[PDB]
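As they're listed, the protein sequences go chains C and B. If you want the authors' numbering, it's the 1-based position in the first sequence plus 6. If you want the authors' numbering, it's the 1-based position in the second sequence plus 6. Ideal Cβ positions, reconstructed from N, Cα and C, are used throughout, including at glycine. Below is one structure, written out as C-alpha cells; comments come after it.
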Amino acid sequence: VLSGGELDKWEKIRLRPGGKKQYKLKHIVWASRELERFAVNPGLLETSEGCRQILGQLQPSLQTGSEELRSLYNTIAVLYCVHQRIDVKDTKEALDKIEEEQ
Amino acid sequence: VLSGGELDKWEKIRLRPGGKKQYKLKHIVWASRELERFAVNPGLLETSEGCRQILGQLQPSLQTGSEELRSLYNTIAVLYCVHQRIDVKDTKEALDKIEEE
RNA sequence: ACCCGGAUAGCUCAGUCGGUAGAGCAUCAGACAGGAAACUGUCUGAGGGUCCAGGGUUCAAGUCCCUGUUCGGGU
Ligand SMILES: [Mg+2]
C-alpha cells in the first residue's frame with residue numbers, strides 16, 4: 007500500500023500539530039479495512055490519483071458525517087501528501103495543502 | 007534529615023516510573039509530619055536502620071490502611087534506598103528492591 | 001470576536017469521592033461444535049495509551065485551576 011521510502015516519511019508525521027504522537031503502520035492497515043466497510047476499493051490507496059478520487063468522494067459527507075468518518079478522511083489526506091512527495095509535519099498541514107489545491 | 011550528597015540523589019528520583027515529576031524537600035517534610043501525628047520519632051529518618059524499622063512497623067496496617075498511608079510507606083521506602091546508597095530511578099523500583107531481599 | 005462542549009488504545013467512546021485507566025469494533029494467537037475437506041458459526045486470551053501541549057494546586061492529577069493549540073456547535 008506504501009513504498010519503502012514513503013513509509014519512513016509517513017512515520018515522521020504527527021497526528022496533532024504540537025503532538026508527541028505520530029502515525030504508524032496500524033493507521034494504514036486500519037484505513038484499508040474501514041475503506042471496504044464503506045464499500046470502497048482499497049486498491050486506490052497505493053496511488054496519488056486513487057486518493058484524489060477517494061477524498062473527493064467523501065468531501066460532502068464530512069459536513070454531516072460522524073467522528074469516525076472525519077478520522078478516515080484525515081488519514082487519507084496525509085497519505086495523499088506522501089504519494090505526492092509533499093512535505094508535511096502533521097495532519098493539519100496536510101489538510102491545508104489539500105485545500106490549497108481546492 | 008538528609009545529607010547534601012543524598013539530596014542530589016533524592017531530587018533525581020521520579021514519583022511514577024515514567025513520570026515527569028520528581029521528589030523534593032516537601033515530600034520529606036510531609037512524611038516526618040505524618041510521622042509525628044502517629045507518635046513516631048522523626049529522627050529515625052536520617053538513618054538507614056531508622057527507615058528499615060518504620061517500614062516493617064507499617065507492613066501490617068497496609069492492607070486496611072488509607073490511600074494516604076500507602077503514600078507515606080512509599081515515600082519512606084525511597085528514602086531508605088537513598089540512605090543505603092541503592093540506585094533507584096522511581097518509587098516503583100524502590101518497592102521492588104525492598105522485596106528482592 | 002465572544003459563549004458553550006469535546007481531545008483518553010489503530011477507530012468510536014466510558015472513566016464515580018483526586019489515589020498510575022476500561023468496553024465495543026479493528027489487529028494477532030488459540031479453543032470448541034458441525035463437516036472427509038475447503039468452510040460455516042460460537043467463545044476465550046494477548047498486544048496496543050501516558051490521557052493534545054505548557055504551567056499551577058496537592059503527599060498524589062486523565063480527574064481540580066489558568067494559558068496555548070485544535071475540532072464541533074451557538075450568537
Ligand atoms: Mg481517537
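Spatial neighbours of residue i in its chain, beta-carbon cut-off 7 Å, leaving aside the 5 residues before and after
i      : result
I82(B) : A37, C57, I60 and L61
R20(B) : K27, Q28, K95 and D96
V7(C)  : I34, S38, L51 and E52
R76(C) : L68
Simplified DSSP assignment, three categories, for residue i
i       : result
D96(B)  : strand
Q28(B)  : strand
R20(C)  : strand
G11(B)  : helix
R76(C)  : helix
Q63(B)  : helix
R39(C)  : helix
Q69(C)  : helix
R91(B)  : coil
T81(B)  : helix
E107(B) : coil
Check: residue i C-beta below 8 Å from any heavy atom of ligand 1
i      : result
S77(C) : yes
Own chain partners of residue i with C-beta closer than 6 Å, once the 5 adjacent residues on each side are dropped
i       : result
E105(C) : none
Sequence-distant residues of the same chain with beta carbon closer than 8 Å to residue i, five excluded per side
i      : result
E42(C) : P48
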